[PDB]
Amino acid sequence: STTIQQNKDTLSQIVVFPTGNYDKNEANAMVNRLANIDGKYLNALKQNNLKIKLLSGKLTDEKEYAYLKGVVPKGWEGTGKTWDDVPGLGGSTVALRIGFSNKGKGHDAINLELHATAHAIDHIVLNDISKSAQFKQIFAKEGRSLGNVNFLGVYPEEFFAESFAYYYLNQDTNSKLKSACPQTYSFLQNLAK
């Protein structure tokens, strides 16, 4: 409880709200879901000046992502979609369209903002641990146990980011991850120690 509040305070120094009109209540809801991430990761994002940019329009309408216009994202071959159509981006930066959090809103992630921020934590905070020998060994065994095996089962950074989202979204998804991917669950549990 008190830690959730602390995590919301840290996020207040990371989240950037869009200019102009936007769904203020849903933006708060996205922040609240992000506040379930372990404070150690949130503090490290804050320390690295990582901004979580919430958007009211397309990602590629932003100046820093205009270069992605027409580009088909990794693993999105055959969808007929380009970055212009994608509601979230993670890695060295984070940009998220408000209202598109849930599975089915232009994506099939368990949660948009947790998947994207997980990739920023992987890349910025954990120095691409998803591509380390230890996680590759876990990915080889359990990478195909969360579905979407042509995406999660092929890119270890994507399996990491989606598993991280399962771990932190809520108690239900946390339980599902432990049952499907026990080694991954233990790996994430030790990472937060």
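Sequential numbering from 1, following the sequence displayed.
Checked against the record, the higher mean CA B factor of 105 to 113 and 67 to 75 lies with 67 to 75.
Remark: of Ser130, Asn150, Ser163, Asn28, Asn150 shows the highest value [criterion: C-alpha B-factor in the PDB entry].
In this PDB entry, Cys181 carries a Cα temperature factor that places it within the highest third of its chain's modelled residues. When all modelled residues of the chain are sorted by CA temperature factor, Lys141 is found within the highest third.
Ranked within its chain, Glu157 lands in the lowest third, by CA B factor from the PDB record. Compared with the other modelled residues of the chain, the Cα B-factor recorded for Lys40 ranks in the highest third.
In this PDB entry, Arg97 carries a Cα temperature factor that places it within the lowest third of its chain's modelled residues.
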